[PDB]
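Single chain ahead, by itself, as structure tokens, in the form deposited in one PDB entry.
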């Protein structure tokens, strides 16, 4: 997250760190949202590499004992069947991970609430992105979970030529594009949290930013629109 602030420890208890085995150690690669005690929602593109993955729930600092973490292996990966790794602009950037254990819920570990199917936020609706991604284009991962205030940019504006043009789809949410604050590499798969009728819901799965830079004016961060995939998600979990 570029231009973020450190989240307080209990703000976003559905946020997970998706990690892969590198050497014999684990490295953060992506975010995700806990949606069942044994299921995580992330970006399809996060789990293209044939890697060993684990999930950390209750994580705040990637490099320090928080005293709240639970570390759980990924047992099964279900990528959206229409996902195409060489075509992120086509959408379908979403995957579900079945965990090897069911995590214990507490103030640091809660299920993320998803929007009702078909819900589209009005232009300039207030949202936070969260994650441990780069804090500057071509920078380094955050140590502590970051948040940034990223208002939505509706499809009509986002798909305009000075924004993302034909790249963005109605199956996506755009947010930010102020040139200061954005998602960045390592935030992929994580949530966009938007406050509706007094409660946050996870409206986005972080998908992509511009090839020119993370925080580029009129290139808002682009997210898979969670409310497009409610049936898909439930179908996967009910068959798995």
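Residue numbers count along the first chain shown, from 1.
Below: the form solved in complex with a partner chain, not depicted.
Taking the partner from the other structure, its partner chain in the entry with it bound has a heavy atom within 4.5 Å of a heavy atom of residue 167. Although the partner is absent here, residue 33 is not a contact residue: none of its heavy atoms lies within 4.5 angstroms of its partner chain in the entry with it bound.
In the entry with it bound, its partner chain lies farther than 4.5 Å from every heavy atom of residue 111. At a distance threshold of 4.5 angstroms between non-hydrogen atoms, residue 157 is out of contact with its partner chain in the entry with it bound. Scanning 57, 184, 40, 202 against its partner chain in the entry with it bound with a 4.5 Å heavy atom cut-off leaves one residue, 184.
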